[PDB]
Amino acid sequence: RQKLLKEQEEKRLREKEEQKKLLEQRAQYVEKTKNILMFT
Amino acid sequence: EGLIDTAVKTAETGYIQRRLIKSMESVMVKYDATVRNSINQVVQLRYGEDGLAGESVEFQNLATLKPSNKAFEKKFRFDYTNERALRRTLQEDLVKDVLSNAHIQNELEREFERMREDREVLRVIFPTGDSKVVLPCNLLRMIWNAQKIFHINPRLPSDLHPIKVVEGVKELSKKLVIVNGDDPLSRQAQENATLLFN
Amino acid sequence: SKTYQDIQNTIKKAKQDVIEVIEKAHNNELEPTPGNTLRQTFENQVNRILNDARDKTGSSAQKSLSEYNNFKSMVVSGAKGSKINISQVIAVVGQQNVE
Amino acid sequence: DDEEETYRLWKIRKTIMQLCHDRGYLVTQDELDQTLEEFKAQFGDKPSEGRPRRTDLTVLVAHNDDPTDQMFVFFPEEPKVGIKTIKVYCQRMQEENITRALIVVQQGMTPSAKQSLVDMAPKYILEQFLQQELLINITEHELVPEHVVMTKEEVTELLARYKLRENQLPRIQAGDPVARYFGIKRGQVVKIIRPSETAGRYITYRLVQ
Amino acid sequence: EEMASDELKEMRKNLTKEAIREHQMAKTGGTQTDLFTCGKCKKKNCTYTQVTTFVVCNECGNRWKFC
Amino acid sequence: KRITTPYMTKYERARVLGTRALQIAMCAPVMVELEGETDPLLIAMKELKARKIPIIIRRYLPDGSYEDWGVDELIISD
Amino acid sequence: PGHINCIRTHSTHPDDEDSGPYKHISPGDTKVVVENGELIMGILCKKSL
Amino acid sequence: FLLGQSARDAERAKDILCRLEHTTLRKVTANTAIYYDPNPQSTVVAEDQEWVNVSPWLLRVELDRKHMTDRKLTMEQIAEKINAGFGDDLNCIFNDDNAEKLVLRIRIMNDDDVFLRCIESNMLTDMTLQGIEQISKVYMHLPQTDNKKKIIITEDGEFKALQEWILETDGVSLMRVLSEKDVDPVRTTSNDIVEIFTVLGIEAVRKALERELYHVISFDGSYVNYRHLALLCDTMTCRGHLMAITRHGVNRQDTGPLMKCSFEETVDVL
């Protein structure tokens with residue numbers, strides 16, 4: 001049962017990694033939309 | 001009409017065969033266990049993608065393909081809770097071991113997990129559920145011969161601990177080698193080539 | 001001598017059916033089967049009727065044989081022959097298609 | 001047409017995003033599989049002399065491990081793209097340190113344009129794709145197996161393992177649609193993984209040449 | 001088509017149905033039976049054709065022959 | 001550091017039997033007691049069974065290298 | 001020769017026999033069964049030889 | 001292979017088939033008569049369609065109804081196409097979809113007699129009202145064998161093959177077909193080798209060649225071990241390009257003069 005629990009929390013860690021990737025991609029999109037705008 | 005068709009076929013098939021033979025007359029399996037042509041250009045890293053002669057191969061069926069999830073569970077899991085079933089199949093000096101010991105239970109669980117993984121691989125590799133497949137050794141016939149030789153008498157409790165089977169299967173998977181070498185690439189190729197048979 | 005009666009009856013039935021098909025085609029009742037023209041569907045129906053008749057006749061001939069028969073022994077042993085051969089020899093040859 | 005044109009643009013964009021992700025450039029999981037409703041709501045869904053006009057939906061994406069490397073995706077309006085358009089594109093690209101790009105041409109560019117494109121090759125890599133060739137993502141097709149662009153280190157490792165000269169490996173011309181999709185160029189090996197019916201899985205290699 | 005009268009609409013619907021039916025392809029003939037079990041789908045429905053008895057799966061569509 | 005298969009291919013076995021038979025027929029010393037037979041091919045087969053053929057096969061690899069195996073070293077298929 | 005073991009079906013083997021009873025004892029003497037290289041049931045035909 | 005809901009119901013598959021089948025004026029037209037009607041309102045023929053809408057000659061290209069319904073077209077799109085293809089040089093006065101006769105009126109505004117003959121001929125021969133080229137006609141056949149039935153793993157586990165509508169064409173376009181919506185872009189093969197080499201890629205051509213070869217070798221019930229088929233496919237697809245087994249494909253390889261002369265072109269290669 002404890003091993004199941006630690007697997008579950010490891011999956012939670014992977015979910016948090018997904019969160020951080022999403023936030024980084026958004027934080028670079030905020031800058032990139034400027035280049036997209038000035039292009040036209 | 002039949003005679004005319006026969007004559008034209010006798011005239012055309014010869015030319016077709018001649019061209020086919022002349023287009024691959026130098027391809028051969030070098031001692032490096034690879035198929036190449038006169039220019040030493042590699043055409044296949046292993047003959048037939050497996051490296052096995054076409055003579056010693058027989059049709060067989062994949063038991064773990066196209067089952068029903070429930071039937072697959074109740075045909076390859078080796079439930080270790082029903083001590084009555086265990087007493088019927090294994091002997092008394094083994095039922096207690098497979099019950100008390102937890103290492104055996106974990107090993108069997110891992111075996112079943114690997115079986116499920118192989119089932120998934122087979123389903124993603126052989127779509128349309130075609131059990132009929134070609135392989136070197138006819139395991140069913142081998143087992144039948146073993147039964148008929150050693151007089152197994154499949155009614156009495158046998159003396160074959162499951163751990164013996166697991167370890168033997170692993171050792172045999174190690175013994176059967178196609179891509180010799182301990183390199184990581186070598187081992188990857190070995191597993192890939194001798195995947196389906198495993 | 002009874003299988004002959006069966007075969008004759010079946011052949012007469014097939015002849016009558018093909019004649020009826022021809023009558024319908026002549027009077028413009030046979031509608032074009034999908035994917036084919038009127039002539040094509042007419043030919044297909046006639047061919048299917050004849051093949052069904054031949055198969056029925058052959059099946060009757062086969063079921064009318066005796067274990068001591070030699071054609072059947074050779075066919076079942078598979079040494080040389082086939083059921084269609086016995087059907088042609090006894091029941092009926094069939095359609096002579098070309099091209 | 002209006003609705004059909006919008007659908008074609010959306011499909012082209014989805015294919016391009018999938019292509020960049022396959023190559024390795026980092027992209028949103030959202031835009032990777034965005035539906036068409038949000039596309040309409042984003043641009044305006046009036047391509048016929050309206051907001052969703054070409055050259056405005058271009059996207060710039062940086063590589064995963066190398067944030068300094070990017071690649072443009074242009075959409076020139078000229079059905080028969082000339083040399084002046086690509087010239088101005090390259091001139092405007094020269095401001096940034098970008099080197100790679102991707103041109104989406106309505107119809108086949110004039111032969112005079114390909115000469116310039118190849119001419120600027122060593123300094124600025126740019127390739128072309130017909131929208132008719134982008135409306136579908138081939139790499140998903142059942143026949144097309146899974147490709148993997150290999151790195152030079154592992155290519156050398158493979159050659160040294162089998163004691164085989166790279167000239168002896170199979171060939172695959174750069175014109176191959178899969179080759180152009182992955183952006184591989186001459187002198188570079190591609191791994192191929194096929195489901196083998198007699199061996200489960202079979203991995204082979206092909207050197208571009 | 002929406003503004004067409006009732007009779008015209010009925011005629012158009014009949015023509016469309018006839019065209020759709022005609023575009024189809026005739027199904028392969030055979031003697032359907034459940035005495036043969038298809039090994040590709042496990043179903044019993046199937047059709048046989050004697051000429052060697054070829055068997056075609058009904059639902060799964062397994063193709064085989066018996067000599 | 002030999003990577004060639006440790007079994008004797010049928011081709012190699014056939015050629016070795018033939019060459020040893022020719023050598024015996026050319027009045028060469030045998031490497032096994034003769035039970036009363038005269039056919040050089042039979043004597044060669046007996047020597048192969050007894051693993052006493054004084055021959056070593058040189059398998060060439062595609063690259064150019066080669067490996068020297070002794071008949072009495074690798075396993076005989078038949 | 002030897003101790004061979006194999007199973008085959010005769011040409012005139014009714015399909016609706018395995019499902020029903022008499023699976024292991026066929027009235028029509030079909031279902032070739034060979035154990036220890038000894039014919040036990042069935043009639044040999046091209047399917048088996 | 002249809003992808004959307006059309007895979008189940010034929011009603012929504014007939015339109016897909018129509019849009020993938022090449023249709024032209026010759027296919028939808030019944031009669032075509034040119035008249036030198038001096039005044040447009042004069043209307044030598046008795047038709048009350050020009051006065052409402054409002055060169056001394058015109059084309060009355062009457063269209064068939066059964067064919068037009070079968071392909072499910074409209075005079076609005078037909079007129080738009082006919083005007084745009086020849087530019088703003090004619091004036092097609094289409095007719096409402098209520099009259100019994102599906103008449104039209106093509107007139108030219110700005111040798112001139114034969115100009116109409118030439119234009120009518122070249123449009124009737126080929127106009128591409130709805131569809132693509134190459135594809136002449138398309139069948140619509142349900143699958144009877146597993147080789148074409150859809151297969152989906154059910155949650156229970158069984159495969160449970162599904163029967164879905166599938167189209168069978170008579171041409172080779174592939175590229176323009178896969179782009180069409182409601183068309184599975186993952187299972188729509190082509191049955192052609194050279195076409196796949198220009199669409200999918202060399203590996204895809206190898207796979208398609210293998211499948212075609214296996215089909216044509218197992219059609220008669222014979223069986224050939226897969227090793228040989230694989231070897232032939234690899235040998236035919238080793239140099240990237242599809243080397244023909246003919247003298248024009250094997251002699252191009254840098255095998256050797258002594259090897260080429262054996263097959264063919266003995267004096268030439270030497």
# chains A, B, ... in the order shown; residues from 1 in each chain; ligands from 1
call {"tool": "interface_residues", "arguments": {"of": "chain B", "to": "chain D", "cutoff": "7 Å", "atoms": "only C-alpha atoms", "output": "list in words"}}
result
residues 40, 41, 42, 49, 50, 125, 134, 192, 193, 194, 195 and 196 of chain B
call {"tool": "write_last_selection", "arguments": {"atoms": "C-alpha atoms", "output": "short mmCIF file (atom, residue, chain, number, x, y, z; two decimals), in the first residue's frame"}}
result
data_model
loop_
_atom_site.label_atom_id
_atom_site.label_comp_id
_atom_site.auth_asym_id
_atom_site.auth_seq_id
_atom_site.Cartn_x
_atom_site.Cartn_y
_atom_site.Cartn_z
CA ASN B 40 28.94 -5.40 -49.81
CA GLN B 41 25.94 -3.09 -49.44
CA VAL B 42 23.84 -4.22 -46.49
CA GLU B 49 14.52 -9.54 -40.29
CA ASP B 50 14.97 -12.52 -37.96
CA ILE B 125 1.89 -5.27 -33.89
CA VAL B 134 5.22 -18.65 -38.12
CA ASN B 192 14.12 -6.66 -31.12
CA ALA B 193 15.06 -9.57 -33.38
CA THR B 194 14.12 -12.26 -30.85
CA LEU B 195 11.05 -10.44 -29.56
CA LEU B 196 8.09 -12.32 -31.02
#
call {"tool": "interface_residues", "arguments": {"of": "chain H", "to": "chain C", "cutoff": "10 Å", "atoms": "only C-alpha atoms", "output": "ChimeraX atom specification"}}
result
/H:138-141
call {"tool": "interface_residues", "arguments": {"of": "chain G", "to": "chain B", "cutoff": "12 Å", "atoms": "only C-alpha atoms", "output": "PyMOL selection string"}}
result
chain G and resi 2-7+34-38
call {"tool": "closest_atom_pairs", "arguments": {"of": "chain C", "to": "chain G", "cutoff": "12 Å", "atoms": "only C-alpha atoms", "output": "Markdown table"}}
result
| residue | atom | partner | partner_atom | distance |
| --- | --- | --- | --- | --- |
| C:72 | CA | G:12 | CA | 10.8 |
| C:73 | CA | G:45 | CA | 10.6 |
| C:74 | CA | G:45 | CA | 10.1 |
| C:75 | CA | G:11 | CA | 9.3 |
| C:76 | CA | G:11 | CA | 6.0 |
| C:77 | CA | G:45 | CA | 5.1 |
| C:78 | CA | G:46 | CA | 5.9 |
| C:79 | CA | G:46 | CA | 7.2 |
| C:80 | CA | G:46 | CA | 10.4 |
| C:82 | CA | G:11 | CA | 11.6 |
| C:83 | CA | G:11 | CA | 11.9 |
call {"tool": "write_last_selection", "arguments": {"atoms": "N, CA and C atoms", "output": "mmCIF file, in the first residue's frame"}}
result
data_model
loop_
_atom_site.group_PDB
_atom_site.id
_atom_site.type_symbol
_atom_site.label_atom_id
_atom_site.label_comp_id
_atom_site.auth_asym_id
_atom_site.auth_seq_id
_atom_site.Cartn_x
_atom_site.Cartn_y
_atom_site.Cartn_z
ATOM 1 N N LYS C 72 -15.467 -41.693 -55.888
ATOM 2 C CA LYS C 72 -15.534 -41.081 -54.567
ATOM 3 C C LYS C 72 -14.331 -41.467 -53.724
ATOM 4 N N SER C 73 -13.910 -42.729 -53.791
ATOM 5 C CA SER C 73 -12.755 -43.146 -53.005
ATOM 6 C C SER C 73 -11.522 -42.352 -53.403
ATOM 7 N N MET C 74 -11.283 -42.219 -54.707
ATOM 8 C CA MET C 74 -10.114 -41.468 -55.147
ATOM 9 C C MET C 74 -10.223 -39.997 -54.778
ATOM 10 N N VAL C 75 -11.415 -39.412 -54.886
ATOM 11 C CA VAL C 75 -11.553 -37.994 -54.574
ATOM 12 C C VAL C 75 -11.328 -37.752 -53.090
ATOM 13 N N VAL C 76 -11.912 -38.589 -52.230
ATOM 14 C CA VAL C 76 -11.756 -38.375 -50.796
ATOM 15 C C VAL C 76 -10.315 -38.626 -50.378
ATOM 16 N N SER C 77 -9.677 -39.658 -50.930
ATOM 17 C CA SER C 77 -8.255 -39.828 -50.669
ATOM 18 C C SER C 77 -7.445 -38.681 -51.240
ATOM 19 N N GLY C 78 -8.016 -37.923 -52.169
ATOM 20 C CA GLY C 78 -7.323 -36.790 -52.740
ATOM 21 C C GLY C 78 -6.179 -37.148 -53.654
ATOM 22 N N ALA C 79 -6.023 -38.426 -53.998
ATOM 23 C CA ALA C 79 -4.915 -38.823 -54.858
ATOM 24 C C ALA C 79 -4.999 -38.132 -56.211
ATOM 25 N N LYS C 80 -6.160 -38.201 -56.855
ATOM 26 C CA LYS C 80 -6.326 -37.613 -58.179
ATOM 27 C C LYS C 80 -7.810 -37.421 -58.432
ATOM 28 N N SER C 82 -11.453 -34.642 -58.047
ATOM 29 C CA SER C 82 -12.128 -33.630 -57.246
ATOM 30 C C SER C 82 -13.626 -33.838 -57.403
ATOM 31 N N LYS C 83 -14.392 -33.173 -56.536
ATOM 32 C CA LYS C 83 -15.842 -33.335 -56.565
ATOM 33 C C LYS C 83 -16.430 -32.793 -57.859
#
call {"tool": "atom_distance", "arguments": {"atom1": "CA of residue 6 (chain F)", "atom2": "CA of residue 73 (chain F)"}}
result
8.5 Å
call {"tool": "closest_atom_pairs", "arguments": {"of": "chain D", "to": "chain A", "cutoff": "10 Å", "atoms": "only C-alpha atoms", "output": "tab-separated table"}}
result
residue	atom	partner	partner_atom	distance
D:26	CA	A:25	CA	8.1
D:27	CA	A:25	CA	7.4
D:28	CA	A:25	CA	6.6
D:29	CA	A:22	CA	8.1
D:30	CA	A:22	CA	9.3
D:54	CA	A:40	CA	9.7
D:55	CA	A:40	CA	6.9
D:56	CA	A:40	CA	5.8
D:57	CA	A:36	CA	7.9
D:58	CA	A:36	CA	6.9
D:59	CA	A:36	CA	6.8
D:60	CA	A:32	CA	7.4
D:61	CA	A:32	CA	8.4
D:62	CA	A:28	CA	9.7
D:92	CA	A:39	CA	9.3
call {"tool": "atom_distance", "arguments": {"atom1": "CA of residue 231 (chain H)", "atom2": "CA of residue 17 (chain B)"}}
result
15.5 Å
call {"tool": "closest_atom_pairs", "arguments": {"of": "chain E", "to": "chain H", "cutoff": "7 Å", "atoms": "only C-alpha atoms", "output": "tab-separated table"}}
result
residue	atom	partner	partner_atom	distance
E:4	CA	H:98	CA	5.9
E:12	CA	H:69	CA	6.3
E:15	CA	H:69	CA	6.1
E:16	CA	H:70	CA	5.1
E:19	CA	H:70	CA	4.9
E:20	CA	H:14	CA	5.8
E:23	CA	H:140	CA	6.2
E:24	CA	H:140	CA	4.4
E:25	CA	H:141	CA	4.6
E:41	CA	H:160	CA	6.5
E:56	CA	H:145	CA	6.4
E:57	CA	H:145	CA	6.2
E:58	CA	H:144	CA	7.0
E:59	CA	H:161	CA	6.4
E:60	CA	H:161	CA	5.1
E:61	CA	H:145	CA	3.8
E:62	CA	H:146	CA	5.7
E:63	CA	H:145	CA	6.7
call {"tool": "select_by_dssp", "arguments": {"residues": "chain C", "states": "helix (DSSP H, G or I)", "output": "MDAnalysis selection string"}}
result
chainID C and resid 3:27 38:63 70:77 83:91
call {"tool": "atom_distance", "arguments": {"atom1": "CA of residue 207 (chain D)", "atom2": "CA of residue 171 (chain D)"}}
result
5.1 Å
call {"tool": "closest_residue", "arguments": {"among": "E:40, E:50, E:35, E:21", "to": "chain B", "atoms": "only C-alpha atoms"}}
result
E:40
call {"tool": "closest_residue", "arguments": {"among": "B:66, B:110, B:187, B:74", "to": "residue 42 (chain E)", "atoms": "only C-alpha atoms"}}
result
B:66
call {"tool": "residues_around", "arguments": {"residues": "region 11-14 of chain F", "least_positions_apart": "5", "cutoff": "12 Å", "atoms": "only C-alpha atoms", "output": "JSON, numbers by chain"}}
result
{"B": [31], "F": [19, 20, 21, 41, 44, 45, 47, 48, 49, 51, 53, 55, 56, 57, 58, 59, 69, 70, 71, 74, 75, 76, 77, 78]}
call {"tool": "select_by_dssp", "arguments": {"residues": "chain G", "states": "strand (DSSP E)", "output": "list in words"}}
result
residues 6, 7, 8, 32, 33, 34, 35, 38, 39, 40 and 41 of chain G
call {"tool": "residues_around", "arguments": {"residues": "residue 60 (chain C)", "least_positions_apart": "5", "cutoff": "9 Å", "atoms": "only C-alpha atoms", "output": "list in words"}}
result
residues 3, 6, 7, 55, 65, 87 and 91 of chain C
call {"tool": "closest_residue", "arguments": {"among": "E:14, E:5, E:52, E:32", "to": "chain G", "atoms": "only C-alpha atoms"}}
result
E:52
call {"tool": "decode", "arguments": {"residues": "region 33-60 of chain E", "atoms": "N, CA, C and O atoms", "output": "short mmCIF file (atom, residue, chain, number, x, y, z; two decimals), in the first residue's frame"}}
result
data_model
loop_
_atom_site.label_atom_id
_atom_site.label_comp_id
_atom_site.auth_asym_id
_atom_site.auth_seq_id
_atom_site.Cartn_x
_atom_site.Cartn_y
_atom_site.Cartn_z
N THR E 33 -24.00 -19.51 -43.28
CA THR E 33 -24.30 -20.51 -42.26
C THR E 33 -23.44 -20.23 -41.04
O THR E 33 -22.45 -19.51 -41.10
N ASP E 34 -23.84 -20.83 -39.91
CA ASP E 34 -23.14 -20.68 -38.65
C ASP E 34 -22.43 -21.97 -38.21
O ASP E 34 -22.04 -22.09 -37.05
N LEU E 35 -22.27 -22.92 -39.13
CA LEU E 35 -21.60 -24.18 -38.81
C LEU E 35 -20.08 -24.06 -38.80
O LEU E 35 -19.41 -24.96 -38.28
N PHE E 36 -19.53 -22.98 -39.35
CA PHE E 36 -18.09 -22.76 -39.40
C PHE E 36 -17.74 -21.61 -38.47
O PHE E 36 -18.37 -20.54 -38.54
N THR E 37 -16.75 -21.82 -37.61
CA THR E 37 -16.29 -20.81 -36.67
C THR E 37 -15.09 -20.09 -37.26
O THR E 37 -14.09 -20.72 -37.62
N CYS E 38 -15.19 -18.76 -37.37
CA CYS E 38 -14.10 -17.96 -37.91
C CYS E 38 -13.02 -17.78 -36.86
O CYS E 38 -13.30 -17.39 -35.72
N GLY E 39 -11.77 -18.07 -37.23
CA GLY E 39 -10.66 -17.94 -36.31
C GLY E 39 -10.13 -16.54 -36.14
O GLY E 39 -9.31 -16.31 -35.24
N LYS E 40 -10.57 -15.59 -36.96
CA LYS E 40 -10.10 -14.21 -36.86
C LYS E 40 -10.97 -13.34 -35.97
O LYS E 40 -10.50 -12.30 -35.50
N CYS E 41 -12.22 -13.75 -35.71
CA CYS E 41 -13.12 -12.97 -34.86
C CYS E 41 -13.85 -13.79 -33.82
O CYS E 41 -14.44 -13.20 -32.91
N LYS E 42 -13.83 -15.12 -33.90
CA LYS E 42 -14.50 -16.05 -33.00
C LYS E 42 -16.00 -16.15 -33.24
O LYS E 42 -16.67 -16.89 -32.51
N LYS E 43 -16.55 -15.46 -34.23
CA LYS E 43 -17.97 -15.53 -34.50
C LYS E 43 -18.31 -16.77 -35.33
O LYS E 43 -17.44 -17.38 -35.95
N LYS E 44 -19.59 -17.13 -35.32
CA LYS E 44 -20.06 -18.29 -36.05
C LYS E 44 -20.69 -17.95 -37.40
O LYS E 44 -20.74 -18.81 -38.28
N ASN E 45 -21.17 -16.72 -37.57
CA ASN E 45 -21.78 -16.33 -38.84
C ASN E 45 -20.72 -16.31 -39.94
O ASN E 45 -19.60 -15.84 -39.73
N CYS E 46 -21.08 -16.83 -41.11
CA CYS E 46 -20.16 -16.88 -42.24
C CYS E 46 -20.90 -17.45 -43.44
O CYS E 46 -22.02 -17.96 -43.33
N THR E 47 -20.25 -17.37 -44.60
CA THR E 47 -20.80 -17.87 -45.85
C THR E 47 -19.80 -18.80 -46.53
O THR E 47 -18.59 -18.53 -46.53
N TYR E 48 -20.29 -19.88 -47.12
CA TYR E 48 -19.45 -20.85 -47.79
C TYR E 48 -19.72 -20.83 -49.29
O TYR E 48 -20.79 -20.40 -49.75
N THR E 49 -18.73 -21.29 -50.05
CA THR E 49 -18.85 -21.40 -51.50
C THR E 49 -18.08 -22.64 -51.94
O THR E 49 -16.88 -22.74 -51.68
N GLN E 50 -18.77 -23.56 -52.60
CA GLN E 50 -18.18 -24.83 -53.02
C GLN E 50 -17.78 -24.74 -54.49
O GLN E 50 -18.53 -24.21 -55.31
N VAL E 51 -16.59 -25.25 -54.81
CA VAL E 51 -16.12 -25.27 -56.19
C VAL E 51 -14.86 -26.12 -56.32
O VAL E 51 -14.23 -26.45 -55.32
N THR E 52 -13.10 -28.06 -53.18
CA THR E 52 -12.66 -26.95 -52.33
C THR E 52 -13.84 -26.10 -51.89
O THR E 52 -14.60 -25.58 -52.71
N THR E 53 -13.99 -25.95 -50.57
CA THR E 53 -15.05 -25.14 -49.98
C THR E 53 -14.42 -23.91 -49.34
O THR E 53 -13.84 -24.00 -48.25
N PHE E 54 -14.52 -22.77 -50.02
CA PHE E 54 -14.04 -21.52 -49.46
C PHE E 54 -15.03 -20.99 -48.43
O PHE E 54 -16.25 -21.04 -48.64
N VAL E 55 -14.51 -20.48 -47.32
CA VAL E 55 -15.31 -19.93 -46.23
C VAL E 55 -14.95 -18.46 -46.06
O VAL E 55 -13.77 -18.10 -46.06
N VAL E 56 -15.97 -17.62 -45.92
CA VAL E 56 -15.80 -16.18 -45.71
C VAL E 56 -16.51 -15.82 -44.42
O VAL E 56 -17.67 -16.17 -44.22
N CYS E 57 -15.80 -15.11 -43.54
CA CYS E 57 -16.39 -14.72 -42.26
C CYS E 57 -17.57 -13.78 -42.49
O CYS E 57 -17.55 -12.93 -43.39
N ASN E 58 -18.61 -13.94 -41.68
CA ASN E 58 -19.78 -13.08 -41.79
C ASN E 58 -19.53 -11.73 -41.12
O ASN E 58 -19.63 -10.68 -41.77
N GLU E 59 -19.21 -11.74 -39.83
CA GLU E 59 -18.90 -10.51 -39.11
C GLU E 59 -17.41 -10.21 -39.13
O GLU E 59 -16.98 -9.15 -39.60
N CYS E 60 -16.60 -11.14 -38.61
CA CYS E 60 -15.15 -10.95 -38.63
C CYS E 60 -14.62 -10.91 -40.06
O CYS E 60 -13.77 -10.07 -40.38
#
